[PDB]
Amino acid sequence: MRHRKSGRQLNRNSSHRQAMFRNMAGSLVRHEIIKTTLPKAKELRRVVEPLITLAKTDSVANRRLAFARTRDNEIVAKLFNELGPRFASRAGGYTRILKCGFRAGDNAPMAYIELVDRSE
Amino acid sequence: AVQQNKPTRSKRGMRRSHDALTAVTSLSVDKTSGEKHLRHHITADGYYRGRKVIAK
Amino acid sequence: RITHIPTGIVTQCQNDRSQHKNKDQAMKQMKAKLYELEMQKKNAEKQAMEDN
Amino acid sequence: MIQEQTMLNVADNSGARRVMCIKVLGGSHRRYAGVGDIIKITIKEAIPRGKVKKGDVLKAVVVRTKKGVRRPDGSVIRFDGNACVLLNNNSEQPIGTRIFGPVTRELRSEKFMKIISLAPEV
RNA sequence: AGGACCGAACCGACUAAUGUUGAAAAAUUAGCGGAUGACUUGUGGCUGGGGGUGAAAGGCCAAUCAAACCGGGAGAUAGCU
RNA sequence: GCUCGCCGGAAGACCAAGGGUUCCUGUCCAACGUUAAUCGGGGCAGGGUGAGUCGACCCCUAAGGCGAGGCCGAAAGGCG
RNA sequence: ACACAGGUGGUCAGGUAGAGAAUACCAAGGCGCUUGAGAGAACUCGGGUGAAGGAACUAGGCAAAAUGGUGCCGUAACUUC
RNA sequence: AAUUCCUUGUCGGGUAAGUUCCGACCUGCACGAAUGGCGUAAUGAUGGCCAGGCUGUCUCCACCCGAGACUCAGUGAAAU
RNA sequence: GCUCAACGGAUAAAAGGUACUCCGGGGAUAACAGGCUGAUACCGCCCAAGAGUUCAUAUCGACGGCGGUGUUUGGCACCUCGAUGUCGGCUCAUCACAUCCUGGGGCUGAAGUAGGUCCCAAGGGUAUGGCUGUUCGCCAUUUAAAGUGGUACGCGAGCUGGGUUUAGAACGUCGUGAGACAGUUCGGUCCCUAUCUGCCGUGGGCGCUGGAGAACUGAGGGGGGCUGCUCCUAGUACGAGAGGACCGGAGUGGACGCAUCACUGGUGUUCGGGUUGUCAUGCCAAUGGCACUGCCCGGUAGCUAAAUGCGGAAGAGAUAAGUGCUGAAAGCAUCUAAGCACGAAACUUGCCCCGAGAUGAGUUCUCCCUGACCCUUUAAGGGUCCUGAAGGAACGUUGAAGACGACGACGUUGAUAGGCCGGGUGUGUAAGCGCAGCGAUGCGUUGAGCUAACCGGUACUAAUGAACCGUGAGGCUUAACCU
Ligand SMILES: [Mg+2]
Ligand SMILES: [Mg+2]
Ligand SMILES: [Mg+2]
Ligand SMILES: [Mg+2]
Ligand SMILES: [Mg+2]
Ligand SMILES: [Mg+2]
Ligand SMILES: [Mg+2]
Ligand SMILES: [Mg+2]
Ligand SMILES: [Mg+2]
Ligand SMILES: [Mg+2]
Ligand SMILES: [Mg+2]
Ligand SMILES: [Mg+2]
Ligand SMILES: [Mg+2]
Ligand SMILES: [Mg+2]
Ligand SMILES: [Mg+2]
Ligand SMILES: [Mg+2]
Ligand SMILES: [Mg+2]
Ligand SMILES: [Mg+2]
Ligand SMILES: [Mg+2]
Ligand SMILES: [Mg+2]
Ligand SMILES: [Mg+2]
Ligand SMILES: [Mg+2]
Ligand SMILES: [Mg+2]
Ligand SMILES: [Mg+2]
Ligand SMILES: [Mg+2]
Ligand SMILES: [Mg+2]
Ligand SMILES: [Mg+2]
Ligand SMILES: [Mg+2]
Ligand SMILES: [Mg+2]
Ligand SMILES: [Mg+2]
Ligand SMILES: [Mg+2]
Ligand SMILES: [Mg+2]
Ligand SMILES: [Mg+2]
Ligand SMILES: [Mg+2]
Ligand SMILES: [Mg+2]
Ligand SMILES: [Mg+2]
Ligand SMILES: [Mg+2]
Ligand SMILES: [Mg+2]
Ligand SMILES: [Mg+2]
Ligand SMILES: [Mg+2]
Ligand SMILES: [Mg+2]
Ligand SMILES: [Mg+2]
Ligand SMILES: [Mg+2]
Ligand SMILES: [Mg+2]
Ligand SMILES: [Mg+2]
Ligand SMILES: [Mg+2]
Ligand SMILES: [Mg+2]
Ligand SMILES: [Mg+2]
Ligand SMILES: [Mg+2]
Ligand SMILES: [Mg+2]
Ligand SMILES: [Mg+2]
Ligand SMILES: [Mg+2]
Ligand SMILES: [Mg+2]
Ligand SMILES: [Mg+2]
Ligand SMILES: [Mg+2]
Ligand SMILES: [Mg+2]
Ligand SMILES: [Mg+2]
Ligand SMILES: [Mg+2]
Ligand SMILES: [Mg+2]
Ligand SMILES: [Mg+2]
Ligand SMILES: [Mg+2]
Ligand SMILES: [Mg+2]
Ligand SMILES: [Mg+2]
Ligand SMILES: [Mg+2]
């Protein structure tokens, strides 16, 4: 069934998905572009964009809610100072999914998820 | 649940009728380098839609 | 089983191994229990006779 | 959903405390009982000198269901506690005189006219 | 004090499910009994095939037991296939 | 290398038993690993175990084994 | 028989809560189990929750569900006291 | 009755309804006194039965979370 | 000199158990099922005394007879002992009619209601529990009725293992004993990933004659087909009363099926909140991890039921049993022989779904292609260059679609999905700070903060322009109209 049940299970625990998408969102912000499969890319897109949505307004309250998620100040410091200002006027897609190829090991369709505006 | 009589080569081939592989055969040349690749996939060095998207 | 149609007393028998053999025994026991019912109705009218 | 083996309370002045529905009267394979359906119960507990006694089998009508009854507007009158009213087995004629425990307007169907008339509320 | 009580280690193995070309030629998960004793366990010995040992099932004696395994008699015999 | 998750009266850390180089380094990928494999308890070469105080050996001894003569038994051998 | 969910004697064994070597979460230390990536059907297995009823299930309350600690009050028949 | 064939014996109790269960009568097919007879407090992973509680056992399933199943890449069996 | 009496005499001389069993063979020979048969069994019929107040046939039916069925118990060993697994229950059924109910009728010891019996009829429906391992049966309470059987007394490569025929033990009885019991009792491993056939769903290839895109007709087939009660007619007909209709027409339920979340609820480990233990974020504060989601309390979408709608039919054609008209054979009589008219939930349609692989491969509408040269045993041939259309497929973003394919929407000439924004829903008065208080904590800011797939907008991100396949007016014979 799963009629209108937008969320992807990823063959894992729910306690694993909260920590996989926490550490993978963390390495996307520390770096600027990472490499993973599409089904993780289409889903990381659902977690990292609500952070760039969040850090457009700095406050003590917004730092906490951005610290419950991602659980590390370095990502919180990378947010609110870099990304918030760097994606200010744009209202929408703060990241880009880009298909590349496959892995030698398990043949998984991969993609380079990237934050937009990286022509520095 | 085992089997009763041995199947033939005929039955072994008719079953592998639909196991036959299929190629892509219709690639796209990029606007910049023209290196052939898959539709909606980056090149070997980082070109995509006539643009170095790997930025490296 | 031998069930009497007017009365309703049942007479079962499963002693031997043959249906033909259990039939005669169940017919015999039914023959006993039906006649012994007649001996009580003979005494029931006799007891009511003594009550006058 | 009052069905077989359901332990109902009693809601009249007859004597019983706990009854148990043993058959939902009304139809073949009939699963449960509802609003004002007639059911067959047995008495599991009574008051000492009362009218009915333990181990007797008579009819009843459900009055207050824990699942509740739906009104035609999409509203429900969900009570809290299953309860019934004992009846004569041979006629409508409820054996009670003091129907306690407020009942539903959905019983007003001329064969239960005595039930609503003796009822306290609703 | 106790062949006492509840309950881990340790020992044992009653119920259910899974498993039964299994992970495993008897185990696993959730429960369970004993748990200072007629207890359990390490190391080293002793008792042997019509014999050993047995809180006694005809159980156990190297995944084998109403008579172990190996070699020989032996190519036993088979009115049977 | 940075987060995460598991064990923590163990899946941690030492000995005995039993194995026998599986220890470490350089290098290699056919076979072995239930996948790939640059990697490895896999292949090849080299190096590695240093004791008066640890252990054994040694001194003594339990159950028990063997057992000079000896007793007994066709022989073997049994018992001491 | 294997790089096998098995078996294997002795010793050391911290912090917080706790009666405890139970158990939970961590320290030191050691590992993620030598196939993975998607999809999210029936069905199978390990589990969660549930309207009204509450054994009506069934060979049988099998399995689940429930009870569960400390202090105190109170505690029947019968009895070898 | 771990014993009664006939038999679900008969009467009583429990239940709306009780081939089982408890008490009793005695026509004991075919109980019986150390191959012990009759009771008996406690005990029991013991046999049968009842009640309270409690719940998906059931009325009648519904949904959800994980591991297979299903698809793709690698390796690649078996009874027959 | 031998009841060497098993008397062509195996020795001068000899009993039993095996459920601890083992080995070699047998369907040469049993148990389970199938098969042949049909004594018995079950059902129907025939003659008819008698019962029935009178009367044989309303309903029963003695003494006797004749068959059917393959549902009983058996007979025979034909089949299997180099395996055919067994009763009952669960589940899923399916067919037969000797029909339990509903439907249509005759007769009646049928006034009415309610029944008895026989004929036609298989469309659908055809109990829940206490006791037993039991089927059956008894009992309680219903229902319109709680049919009888076949189907390895259907179903263990689907489940259970209670019963029964492994190994333990005991009682009663039998035996000197080992043991034994159509006596009994407590306990006791139920194996297999489906090649084929079959069945349930879903696709690929090719064909359908130029190709492609849509919409239908429609042969064939499947699903569905149940029924109670109350009321009106009328408390009329009938009946001394007591009681109490047919037919026709409304309303309200049960069972079953289809469909759907607007309502009521269930789940809702992607949402919010509370709290215990402990570790960590340098520490307070504030959070995160772990302990089945730690335990809980609620809850969006979706799914789904106990929730909410709907369904069976009416009517028609042709008929069964049956009822009549006209009416001869047979001056009469008579439903039948010619002819005609009524007559059931059964048959064919009507309702709904599948459906042109219906190879008998249909029909209609629309769109697209009307380029040049050689060879040749010159034929619906082969080859080359120039164009490769409509359309399809592939790929991509995904769907209330879905196992995989497929199917539907969209692909910047953009709303398909993610994000963002407004709104809604849910949870509930966040964080920080101020004040009150020794403190936990409360109040104020504030029905705020956070808000999952929900609703309406918006191109910010991703659906890149091309390429790949598919062609170039479509054979032969004949007829009918144009020329
Ligand atoms: Mg997987
Ligand atoms: Mg968790
Ligand atoms: Mg294939
Ligand atoms: Mg224990
Ligand atoms: Mg020997
Ligand atoms: Mg010899
Ligand atoms: Mg522990
Ligand atoms: Mg090396
Ligand atoms: Mg390899
Ligand atoms: Mg090496
Ligand atoms: Mg030195
Ligand atoms: Mg000595
Ligand atoms: Mg000398
Ligand atoms: Mg000597
Ligand atoms: Mg391993
Ligand atoms: Mg191991
Ligand atoms: Mg501790
Ligand atoms: Mg550490
Ligand atoms: Mg699942
Ligand atoms: Mg539960
Ligand atoms: Mg239990
Ligand atoms: Mg539990
Ligand atoms: Mg009795
Ligand atoms: Mg005696
Ligand atoms: Mg005795
Ligand atoms: Mg004696
Ligand atoms: Mg004794
Ligand atoms: Mg006692
Ligand atoms: Mg004991
Ligand atoms: Mg009971
Ligand atoms: Mg594969
Ligand atoms: Mg002789
Ligand atoms: Mg025995
Ligand atoms: Mg044999
Ligand atoms: Mg036979
Ligand atoms: Mg007469
Ligand atoms: Mg006769
Ligand atoms: Mg037959
Ligand atoms: Mg037969
Ligand atoms: Mg013969
Ligand atoms: Mg046969
Ligand atoms: Mg009549
Ligand atoms: Mg039952
Ligand atoms: Mg029954
Ligand atoms: Mg069966
Ligand atoms: Mg078992
Ligand atoms: Mg048709
Ligand atoms: Mg039809
Ligand atoms: Mg009149
Ligand atoms: Mg009436
Ligand atoms: Mg709700
Ligand atoms: Mg919840
Ligand atoms: Mg939460
Ligand atoms: Mg704190
Ligand atoms: Mg941690
Ligand atoms: Mg708990
Ligand atoms: Mg809820
Ligand atoms: Mg043709
Ligand atoms: Mg297309
Ligand atoms: Mg627009
Ligand atoms: Mg969207
Ligand atoms: Mg506040
Ligand atoms: Mg909070
Ligand atoms: Mg929001």
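- If you check the header, you'll see the entry was determined by cryo-EM and the resolution is listed as 3.2 Å.

A look at the overall build of chain A
Here is step 1 of the chain: Helix and strand content of chain A: five helices and four strands.
Here is step 2 of the chain: Put simply, chain A runs from its N terminus to its C terminus through helices and strands in the order α-β-α-α-α-α-β-β-β.
Here is step 3 of the chain: The C-alpha radius of gyration computed for chain A amounts to 15 Å, which stays within 12% of the reference 14 Å derived for 120 residues, consistent with globular compactness.
Here is step 4 of the chain: With the C-alpha coordinates aligned to their principal axes, the bounding extent of chain A is approximately 45 × 35 × 25 Å.
Here is step 5 of the chain: With 120 residues in all, chain A has 38% of them scored as buried.
Here is step 6 of the chain: Taking contacts inside chain A between residues at least 6 apart in sequence as the whole, the part at least 24 apart equals 55%.

Side note on the interface of chain B and chain A
Here is step 1 of the chain: On the chain A side, the residues contacting the eight residues of chain B number eight residues.
Here is step 2 of the chain: Roughly 720 Å² of surface becomes buried between chain B and chain A when both sides are summed, with 64% attributable to carbon and sulfur atoms.
Here is step 3 of the chain: If you sort the residues of chain B by the area they bury against chain A, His 41, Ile 42 and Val 53 of chain B come out on top, with a joint share of 52%.
Here is step 4 of the chain: At the junction of chain B with chain A, the criterion picks out zero salt bridges.
Here is step 5 of the chain: At the surface where chain B touches chain A, the tally comes to one residue pair in polar contact.
Here is step 6 of the chain: Residues of the side of chain B that touches chain A, tallied by class, amount to five nonpolar, two polar and one charged.

Quick look at empty space enclosed by the protein
Residue and element names in this part refer to chain D.
Here is step 1 of the chain: Scanning the entire structure with this criterion turns up two cavities of 30 Å³ or more.
Here is step 2 of the chain: Empty space within the largest cavity amounts to approximately 40 Å³.
Here is step 3 of the chain: For the largest cavity, the full set of lining residues is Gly 34, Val 35, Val 63, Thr 65, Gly 68, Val 69, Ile 77, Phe 79 and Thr 104.
Here is step 4 of the chain: Class assignment of the residues belonging to the lining of the largest cavity gives a composition of five nonpolar, four polar and no charged.
Here is step 5 of the chain: In this structure, the second largest cavity spans a volume of roughly 30 Å³.
Here is step 6 of the chain: Every residue along the wall of the second largest cavity is listed here: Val 85, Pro 94, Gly 96, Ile 99, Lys 114, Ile 115 and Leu 118.
Here is step 7 of the chain: Counted by class, the lining of the second largest cavity contains five nonpolar, one polar and one charged residues.

Some remarks on the sheet that holds strand β4 (residues 57-64) of chain D
All names here are of chain D.
Here is step 1 of the chain: Strand order in the closed barrel formed by five strands is β1-β2-β3-β4-β5, and the pairing between neighbours is mixed. Neighbouring strand axes in the sheet, compared pairwise and without regard to direction, differ in orientation by 55° on average.
Here is step 2 of the chain: Across five bridges, the pairing between strand β3 (residues 38-46) and β4 is antiparallel. Looking at the pairing, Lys 40 lines up with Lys 59 of β4.

Comments concerning the pattern of salt bridges
Here is step 1 of the chain: Tallied over the entire structure, the rule returns 13 salt bridges over all chains.
Here is step 2 of the chain: For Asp 80 of chain D, the salt bridge identified is with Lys 66 of chain D, shortest N-O distance 3.6 Å. Taken as a pair, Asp 80 of chain D in the loop between β4 and β5 (83-86) and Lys 66 of chain D in the loop between β4 and β5 lie far apart in primary sequence, 14 residues in all.
Here is step 3 of the chain: By relative accessible area, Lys 66 of chain D is classed as partly exposed at 44%.
Here is step 4 of the chain: Within this structure, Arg 8, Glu 43 and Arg 46 of chain A form a network of salt bridges that share partners.

Observations concerning unusual backbone geometry
For residues that are not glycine, phi is negative in most cases, and the peptide bond is trans in most cases.
Here is step 1 of the chain: Positive phi, normally seen in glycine, also occurs at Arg 49 of chain B, with a value near 55°.
Here is step 2 of the chain: Looking at where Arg 49 of chain B falls in the secondary structure, it is placed in the segment after α1 (9-15).
Here is step 3 of the chain: Positive phi, close to 65°, is recorded for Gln 5 of chain D, a residue that is not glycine.
Here is step 4 of the chain: Relative to the assigned elements, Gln 5 of chain D resides in the segment before β1 (6-10).

A few points about the pairing of strand β3 (residues 99-102) of chain A
The side chains of a regular strand alternate between both faces of the sheet.
Here is step 1 of the chain: With two bridges connecting them, β3 of chain A and strand β4 (residues 109-115) of chain A associate as antiparallel partners. Pairing of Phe 102 of chain A across the sheet is with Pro 109 of chain A, part of β4 of chain A.

Focus on helix α2 (residues 38-54) of chain A
Residue and element names in this part refer to chain A.
Here is step 1 of the chain: Between its first and last C-alpha, α2 extends 24 Å over 17 residues, near the 24 Å set by a 1.5 Å rise per residue.
Here is step 2 of the chain: At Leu 44, α2 shows its strongest bend, of approximately 25°.
Here is step 3 of the chain: Taken residue by residue, α2 has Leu 38, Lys 40, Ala 41, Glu 43, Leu 44, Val 48, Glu 49, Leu 51 and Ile 52 as its buried positions.
Here is step 4 of the chain: Buried positions along α2 lie against α1 (14-30), β1 (33-37), α5 (83-86), β2 (95-96), β3 and β4.

Here's the deal with the protein's contact with RNA strand H
Here is step 1 of the chain: Neighbouring residues of RNA strand H: 20 residues in total, closest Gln 9 of chain A, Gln 3 of chain B together with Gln 3, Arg 31 and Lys 44 of chain D.
Here is step 2 of the chain: Here a phosphate oxygen of RNA strand H sits 2.8 Å away from a polar atom, N or O, in the side chain of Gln 9 of chain A.
Here is step 3 of the chain: Taken together, the residues of the surface near RNA strand H break down into three nonpolar, 11 polar and six charged.

Some words on the side chain of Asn 62 of chain A
Here is step 1 of the chain: Inspection of the secondary structure assignment puts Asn 62 of chain A in helix α3 (residues 60-68).
Here is step 2 of the chain: Not counting the four nearest positions on each side in its chain, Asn 62 of chain A is found in contact with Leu 54, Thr 57 and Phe 80 of chain A.

What about the arrangement of the chains?
Here is step 1 of the chain: A gap remains between chain A and chain C, which never touch, and the nearest two C-alpha atoms on either side lie 58 Å apart.
Here is step 2 of the chain: Regarding chain C and chain D, the two do not touch, and the least distance separating their C-alpha atoms is 26 Å.

About the criteria used
Residues numbered from 1 in each chain as written, not as in the entry; some residues may be left out. Chains lettered and ligands numbered in written order. Part of a larger assembly, values for the part shown. Heavy atoms only, no water. Helix = DSSP H or I, 4+ residues; strand = E, 2+ residues; numbered from the N terminus. Rg over C-alpha atoms; globule rule 2.2 N^0.38 Å. Buried < 20%, exposed > 50% of the residue type's maximum accessible area, 1.4 Å probe, protein only. Contact = heavy atoms within 4.5 Å. Buried area = accessible area lost by both parts, 1.4 Å probe. Salt bridge = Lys/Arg side-chain N within 4 Å of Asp/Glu carboxyl O. Polar contact = N/O pair within 3.5 Å; in protein donor to acceptor, adjacent residues only side chain to side chain. Nonpolar A, V, L, I, M, F, W, Y, C, P; charged D, E, K, R; others polar. 1 Å grid on protein atoms, 1.4 Å probe; cavity = no way out; pocket = protein on both sides within 12 Å on 5 of 7 lines; lining within 4 Å. Points joined across faces, edges and corners; volume = space filled by probe spheres on them. Pairing = 2+ DSSP bridges. Axes fitted to C-alpha atoms, helices over the stretch in contact; angles between N-to-C directions. Expected span 1.5 Å × (residues − 1). Bend = angle between axes of the 7 residues up to and from the residue. Near = heavy atom within 4 Å.

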